[PDB]
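Here the structure is laid out as structure tokens; the discussion comes afterwards.
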Amino acid sequence: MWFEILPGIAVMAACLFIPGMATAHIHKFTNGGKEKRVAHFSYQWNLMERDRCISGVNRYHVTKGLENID
Amino acid sequence: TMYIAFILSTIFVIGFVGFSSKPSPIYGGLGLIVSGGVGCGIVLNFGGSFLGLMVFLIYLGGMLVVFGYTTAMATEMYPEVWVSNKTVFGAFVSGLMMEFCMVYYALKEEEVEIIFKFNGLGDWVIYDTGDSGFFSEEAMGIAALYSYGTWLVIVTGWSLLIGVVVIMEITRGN
Amino acid sequence: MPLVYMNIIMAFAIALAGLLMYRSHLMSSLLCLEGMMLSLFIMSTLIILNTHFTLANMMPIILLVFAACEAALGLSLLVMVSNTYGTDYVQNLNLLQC
Amino acid sequence: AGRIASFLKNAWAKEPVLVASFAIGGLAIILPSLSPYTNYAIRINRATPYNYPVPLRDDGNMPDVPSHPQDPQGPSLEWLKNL
Amino acid sequence: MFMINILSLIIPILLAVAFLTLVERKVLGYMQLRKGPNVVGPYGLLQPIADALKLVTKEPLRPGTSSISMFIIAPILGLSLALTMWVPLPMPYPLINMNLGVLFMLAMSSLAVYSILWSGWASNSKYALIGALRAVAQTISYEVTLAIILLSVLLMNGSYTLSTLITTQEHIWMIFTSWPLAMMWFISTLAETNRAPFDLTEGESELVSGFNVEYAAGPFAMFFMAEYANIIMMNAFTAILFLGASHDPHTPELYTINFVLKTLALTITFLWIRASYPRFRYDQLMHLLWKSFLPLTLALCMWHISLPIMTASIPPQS
Amino acid sequence: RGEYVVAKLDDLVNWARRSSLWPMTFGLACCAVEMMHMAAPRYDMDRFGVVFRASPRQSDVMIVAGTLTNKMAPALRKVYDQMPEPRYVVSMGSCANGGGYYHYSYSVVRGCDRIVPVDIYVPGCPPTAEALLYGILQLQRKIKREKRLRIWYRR
Amino acid sequence: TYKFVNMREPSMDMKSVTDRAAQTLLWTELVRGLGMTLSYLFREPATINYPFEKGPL
Amino acid sequence: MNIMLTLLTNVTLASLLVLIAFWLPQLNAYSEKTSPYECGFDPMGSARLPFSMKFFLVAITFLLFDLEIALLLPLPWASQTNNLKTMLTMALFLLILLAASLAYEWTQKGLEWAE
Ligand SMILES: CCCCCCCCCCCCCCCCCC(=O)OC[C@H](COP(=O)([O-])OCC[N+](C)(C)C)OC(=O)CCCCCCCCCCCCCCCCC
Ligand code: SF4
């Protein structure tokens with residue numbers, strides 16, 4: 001009886017799950033497999049702008065370690 | 001994308017011409033809230049995030065909202081329309097053409113002297129180069145209202161309480 | 001000065017002209033007053049953010065709240081006038097000529 | 001005695017919302033002035049380093065300024081670690 | 001790719017609204033000893049589709065006394081606001097990451113009151129305007145408690161950033177710290193979406209359908225979609241604000257499952273209120289807001305400003 | 001040919017229109033209570049997609065449940081006119097059908113079909129809630145066999 | 001014989017007044033209504049599958 | 001700018017839904033069909049029905065309360081000052097003045113929906 005309401009609830013649940021999962025996976029895809037960098041303040045923005053410049057490929061998320069120079 | 005603040009400001013002035021030509025007050029209010037939205041966008045492009053969101057929440061969703069609500073009560077039997085008067089069209093057209101002429105002159109000359117001297121070299125040009133650190137300078141300046149602005153809080157709160165008392169005095173109608 | 005300032009000051013001038021050149025409705029004039037305040041807010045905000053006058057960041061808040069208090073007062077006056085004459089027409093506000 | 005107790009009785013019986021609101025507001029007014037932790041909150045706000053701590057030149061006779069971040073001079077946050 | 005993100009946010013939300021219609025009908029039916037939609041498709045699963053198809057092929061009677069510009073602008077504004085309310089929501093990671101996300105929601109929802117002020121005015125009929133004015137007054141009056149409750153709750157967050165709510169509620173729900181504000185917030189959200197005993201603008205037995213009398217078929221459907229999107233969005237905001245889910249940065253699907261389940265539970269509670277209570281009178285809900293909710297909200301805002309200071313529990317602003 | 005596509009589209013639109021038959025509560029007399037009994041849990045008209053609707057602007061079918069008097073007929077025709085199309089009328093009970101017990105009265109219109117076009121005539125005084133439900137399903141089957149797009153394709 | 005339907009005066013002591021204050025502030029009878037609807041949600045509906053099932057005559 | 005694209009998409013899709021919603025159905029309209037709905041009869045226009053000072057007063061009181069709320073919004077950053085006693089004094093001052101405005105409106109009729 002009451003459990004026949006569950007199909008519509010499951011459809012609603014899938015439709016509501018899609019946005020969050022899609023956002024997370026798009027963020028991973030477009031940021032080098034890592035979380036999309038958060039820049040709430042100008043210091044974080046400057047960190048990302050420095051990251052883009054030193055990557056050589058104009059992408060902040062290409063991280064240069066001690067293998068780049070030292 | 002190169003010019004964003006200028007389209008926003010031109011639209012701002014266009015909305016000002018629209019509601020200041022004074023059609024029926026509901027369309028004047030619509031023009032005012034369009035102008036307020038584009039102005040909130042203007043100050044968002046300048047780093048004034050809290051100030052622009054204040055414009056939105058309190059001006060467009062408060063003060064306006066109340067204005068349109070009060071117009072919806074004290075209006076005409078047939079609430080007027082923009083088209084109904086040739087005066088509205090004339091005022092709006094004259095304002096639009098004086099906008100267009102002056103923006104064209106400023107864009108192609110960059111040394112207009114209508115009251116003030118102006119140079120449309122850009123709008124990004126005046127921005128300074130620096131880091132604000134780990135905080136929003138605007139938010140720190142506004143949150144100083146409670147530490148630096150004690151006198152300001154005192155007088156503004158008193159004026160708001162007086163405003164409540166005053167509105168209740170005037171509207172009693174006896 | 002940059003051309004955004006030009007357009008903001010132009011908006012103030014247009015609101016001033018619209019307020020000074022009346023029509024029948026009182027609400028239209030009050031909306032022109034509100035436009036004048038909004039242009040003042042944006043001009044102040046641009047000047048304050050551009051020069052990084054940090055303590056002056058709160059000035060637009062104060063301007064907004066005080067001008068909205070005045071707008072509430074003007075709305076109450078309009079409502080009283082309308083309850084007198086059924087309309088907010090300024091031509092009914094002429095019985096002080098004598 | 002009985003007058004204030006009776007007033008509180010009537011208010012609790014007919015306007016519990018106002019009683020709760022006035023009690024909560026009164027405590028919010030009063031309690032901060034008695035808390036030992038208010039000074040701690042002030043100290044935490046003071047110990048948050050938003051700006052760069054631009055140094056000084058030791059003209060001699062500066063025995064209390066550290067020299068190095070890990071010298072036994074200058075304020076310590078050991079108190080904050082256990083709080 | 002960001003455009004795909006926008007699309008994969010918007011479209012599933014509209015589908016969730018469509019099937020929320022079915023879920024609400026079934027919950028109401030089973031609380032009323034009946035079934036609800038169980039014929040059109042398996043367990044009524046094709047019923048929202050039947051409703052959407054029938055509506056878009058039904059004649060949209062426009063009033064002869066209607067300013068068509070605003071008559072069509074009001075549904076556009078309503079639906080655009082209802083959709084854009086989801087862009088800062090931190091299903092683990094937001095589409096739009098702002099410092100002032102909840103301020104943005106407050107502003108956007110306060111702009112949504114125009115869709116009633118413009119629909120009632122545009123529809124004319126000289127009577128739907130009065131219902132529109134009542135709805136606008138109710139909406140603006142409950143905006144006060146929404147804003148102040150949000151202000152008091154966020155004094156533990158430290159900012160208006162919604163992602164910080166996840167961090168604030170890592171070890172404990174914010175419900176255990178602000179449950180009175182949670183009840184007042186939930187009822188304010190009930191009142192803002194014109195739901196439950198607060199559905200005065202569309203009283204089925206008070207003014208038939210109020211501001212939505214003249215709207216039919218398509219624009220009525222879009223208004224309905226806007227309202228139900230606002231319902232789900234407000235319940236999502238409530239779940240994120242008060243029932244913060246645990247987040248694993250390497251497994252955000254767990255947070256999404258948690259959040260979706262809690263949002264559905266709160267939405268089912270919204271439908272649960274609809275089936276349990278009579279309707280408030282207009283003056284009665286105005287009295288509730290102005291004389292019951294507002295004093296307690298002011299007192300609790302005072303309390304929540306005092307509390308972090310006197311306990312050295314002020315959150316970071318970063 | 002291209003008549004197969006038109007037939008499929010007609011089938012789709014007529015399935016959507018009969019799966020969401022939203023009626024208008026025109027309860028004039030005793031027939032009104034058997035119709036809310038068809039509304040009641042035992043028959044549950046909502047399980048067929050037949051909702052409890054509101055102002056004629058969102059109604060698809062008019063149910064004339066009760067005696068129509070001369071004083072009342074102009075209002076019934078007004079709300080019938082205000083229904084958006086497609087719209088249908090079900091006459092429920094003897095009074096609405098042909099006057100009924102009050103057929104020979106000075107103040108009663110003899111059948112609502114003198115005022116509005118009627119699609120289904122549900123007999124009984126009152127028809128049982130099951131009889132009204134049968135009439136509603138019969139109306140649904142009337143909608144299923146409409147050929148509006150096939151009529152248009154051969155015009 | 002007759003009976004009064006609404007002729008009970010509420011008790012005015014500490015415990016009763018606190019009971020009514022808690023009922024006012026914590027919405028307990030509203031919770032009872034929610035409980036009644038929740039209990040009805042888990043009951044088998046009285047609907048019959050017309051026309052495959054018919055009302056008894 | 002991502003947010004601008006998001007707003008453009010939302011507005012565009014809402015307007016497209018209008019266009020399908022308001023042009024796709026088949027129409028056949030006459031005079032008595034689109035007549036204003038008044039439960040089976042015709043409505044009276046009368047003369048400026050939306051009146052009564054109470055509807056305007058609630059709007060004005062909401063406006064003033066909203067202004068004080070605008071004054072309260074900077075509070076989350078205000079608690080980050082070293083001078084916490086002044087900030088607490090001023091925030092509580094603003095809230096007492098809000099409570100005083102509510103109380104003055106309450107006691108002087110104000111919030112009442114009178115006869
Ligand atoms: C050390 C601690 C210090 C801090 C202490 C803080 C205070 C603690 C005690 C206060 C408790 C009460 C808090 C406020 C409650 C509401 C206030 C109020 O006015 O109530 C009475 C008000 C008015 O009640 P009334 O009408 O009986 O009284 C009016 C005034 N008199 C008595 C004079 C007539 O009632 C309501 O608000 C009714 C709401 C209607 C809708 C009901 C919905 C039911 C379902 C709710 C489900 C749960 C909601 C949350 C879900 C989850 C969300 C995340
Ligand atoms: S047909 Fe019979 S039951 Fe129905 S309204 Fe007429 S008299 Fe009453």
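Every chain in the structure tokens takes a letter, A first, then B, and so on in the order presented; its residues are numbered from 1, and the ligands are numbered from 1 following the presented order.
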Problem set entry | 6 Å shell around ligand 1 using only C-alpha atoms and all ligand atoms, listed as JSON, numbers by chain | {"D": [14, 15, 17], "E": [180, 182, 183, 184, 186, 187, 238, 242, 288, 292, 293], "G": [24, 25, 26, 30]}
Among range 23-248 of chain E, which residues does DSSP mark as alpha helix (DSSP H) when it is run on the backbone? Keep the chain and numbering as in the structure and answer as an MDAnalysis selection string. chainID E and resid 23:31 47:56 68:84 101:111 114:122 128:153 163:168 175:192 217:242
- Item | Polymer residues at most 7 Å from range 103-106 of chain B, only C-alpha atoms, same-chain spacing of 5 or more positions, as a list in words | residues 111, 112, 119 and 120 of chain B
Taking only C-alpha atoms and all ligand atoms into account, which residues are within 10 Å of ligand 2, as an MDAnalysis selection string? chainID F and resid 27:34 64:68 91:102 122:128
Only C-alpha atoms, please: the residues just picked out, written as a tab-separated table (two decimals), in the first residue's frame.
```tsv
chain	number	residue	atom	x	y	z
F	27	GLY	CA	-22.89	20.36	-7.08
F	28	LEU	CA	-26.44	21.69	-7.28
F	29	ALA	CA	-28.46	19.08	-5.36
F	30	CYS	CA	-28.55	15.50	-4.02
F	31	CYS	CA	-26.37	14.32	-6.92
F	32	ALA	CA	-23.49	16.33	-5.42
F	33	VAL	CA	-23.05	13.98	-2.46
F	34	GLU	CA	-22.82	10.80	-4.56
F	64	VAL	CA	-23.84	18.92	-13.76
F	65	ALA	CA	-24.78	17.12	-10.52
F	66	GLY	CA	-28.26	18.22	-9.53
F	67	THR	CA	-31.36	20.16	-10.54
F	68	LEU	CA	-30.77	23.19	-12.74
F	91	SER	CA	-25.12	15.35	-17.05
F	92	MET	CA	-25.55	13.39	-13.81
F	93	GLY	CA	-28.97	12.42	-12.49
F	94	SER	CA	-32.53	12.65	-13.76
F	95	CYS	CA	-32.87	16.35	-12.90
F	96	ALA	CA	-29.87	17.38	-14.99
F	97	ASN	CA	-30.77	14.84	-17.69
F	98	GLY	CA	-34.37	15.77	-18.44
F	99	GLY	CA	-35.84	17.55	-15.43
F	100	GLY	CA	-36.59	14.47	-13.34
F	101	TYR	CA	-38.96	14.74	-10.39
F	102	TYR	CA	-39.30	18.47	-11.10
F	122	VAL	CA	-25.58	9.42	-16.30
F	123	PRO	CA	-29.02	8.05	-15.32
F	124	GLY	CA	-30.28	7.56	-11.79
F	125	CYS	CA	-31.82	9.59	-8.95
F	126	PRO	CA	-29.12	9.77	-7.78
F	127	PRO	CA	-26.78	7.61	-9.84
F	128	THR	CA	-24.58	5.63	-7.50
```
Please, what distance in Å, to one decimal, runs between CA of residue 96 in chain C and CA of residue 83 in chain C?
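Between CA of residue 96 in chain C and CA of residue 83 in chain C the gap works out to 18.2 Å.
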Taking only C-alpha atoms into account, report as a PyMOL selection string which residues of chain E lie within 12 Å of chain F.
-> chain E and resi 21-22+25-26+28-63+202-221
When you get a sec, could you note down which chain B residues fall within 9 Å of chain D, using only C-alpha atoms, as a ChimeraX atom specification?
-> /B:133-135
Go ahead and dump the residues you just picked, N, CA and C atoms, as a PDB file, in the first residue's frame.
```pdb
ATOM      1  N   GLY B 133      44.725  40.270   0.447  1.00  0.00           N
ATOM      2  CA  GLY B 133      44.999  39.300   1.488  1.00  0.00           C
ATOM      3  C   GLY B 133      43.897  38.269   1.655  1.00  0.00           C
ATOM      4  N   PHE B 134      43.661  37.889   2.913  1.00  0.00           N
ATOM      5  CA  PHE B 134      42.699  36.853   3.273  1.00  0.00           C
ATOM      6  C   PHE B 134      41.354  37.411   3.724  1.00  0.00           C
ATOM      7  N   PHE B 135      41.025  38.646   3.362  1.00  0.00           N
ATOM      8  CA  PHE B 135      39.711  39.172   3.702  1.00  0.00           C
ATOM      9  C   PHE B 135      39.235  40.120   2.612  1.00  0.00           C
TER      10      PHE B 135
END
```
- Task: Tell me which of C:31, C:16, C:10, C:64 sits closest to residue 66 in chain H, counting only C-alpha atoms.
- Result: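 When distances to residue 66 in chain H are compared using only C-alpha atoms, the smallest one comes from C:64.
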